[PDB]
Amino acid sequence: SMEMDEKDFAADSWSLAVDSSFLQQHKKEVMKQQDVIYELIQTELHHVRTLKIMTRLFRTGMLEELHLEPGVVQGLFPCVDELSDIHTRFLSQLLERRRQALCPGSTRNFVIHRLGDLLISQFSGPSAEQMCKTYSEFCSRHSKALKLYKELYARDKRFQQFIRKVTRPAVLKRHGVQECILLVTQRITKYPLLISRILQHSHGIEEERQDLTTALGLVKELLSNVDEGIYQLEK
């Protein structure tokens, strides 16, 4: 994560992030609609940050410090680079949609009027096929990754000290190897809950309610396809 984004999402809601004077100029329905959108981006920022810990901190750390067998690190962190690209491109689009929405002279006062189109593009066509095949592989290799981590921690002394070392910071409290793996699996199941709560306060514009209804359907279809293509693996 980068300081700029962390500050922009340091508040516990949209109502607390924007200047009170700007907030006071909006209908209560808009404040609710923006609060849930702010959470979709806040949790997407945290999702990408989880993936950066897995790629740079854990995965890359083991390659540059440990003498592990080739392929062990791939078993520990399956499809992390592919997942990282998929979500960093989604986060890019979400963050530019907010920056465009900012009114002149401010870096925190915004109202995102259109979101449905961005969600329709992310959860349809090639991008949806790429997440489907990625998450189907990630979730099938999830158990194998957990057992593999536990074996390496209960047998290798060097791996044990590397894990104790990197996880020592206060910021990595809820972000160990196993928490990072479950955090990513649960992520895809958050979208329908978030899109459904945004949709509930998006009736002002009829083409936006339809966009979010199409996006909600597209995500549920994706989650169904991933659920059907799951085949647990074992070491």
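Numbers for residues come from their place in the sequence shown, where the first is 1. Rigid core: the largest C-alpha set superposing within 1.5 Å between the two forms.
Choosing between 34-42 and 61-69, the greater Cα displacement from the shown form in 9 other deposited structures of this protein, fitted by the core, goes with 61-69. The stretch that moves more in 9 other deposited structures of this protein, judged by CA deviation after a rigid core superposition and choosing between 70-78 and 131-139, is 70-78.
Mean CA temperature factor is higher for 225-233 when stretches 3-11 and 225-233 are set side by side in the entry. The PDB entry records a higher mean C-alpha B factor for 157-165 than for its counterpart among 157-165 and 81-89. Between the residues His175, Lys52, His26, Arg187, it is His26 that shows the highest Cα B-factor in the PDB record. Ranked within its chain, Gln34 lands in the middle third, by CA B factor from the PDB record. Sort the chain's modelled residues by C-alpha temperature factor and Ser127 lands in the highest third, per the entry. In the deposited entry, the Cα temperature factor of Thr43 places it in the lowest third of its chain's modelled residues. Ranked by C-alpha B-factor against the other modelled residues of its chain, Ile205 falls in the highest third. Ranked against the other modelled residues of its chain, the C-alpha B-factor of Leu68 as given in the entry falls in the highest third.
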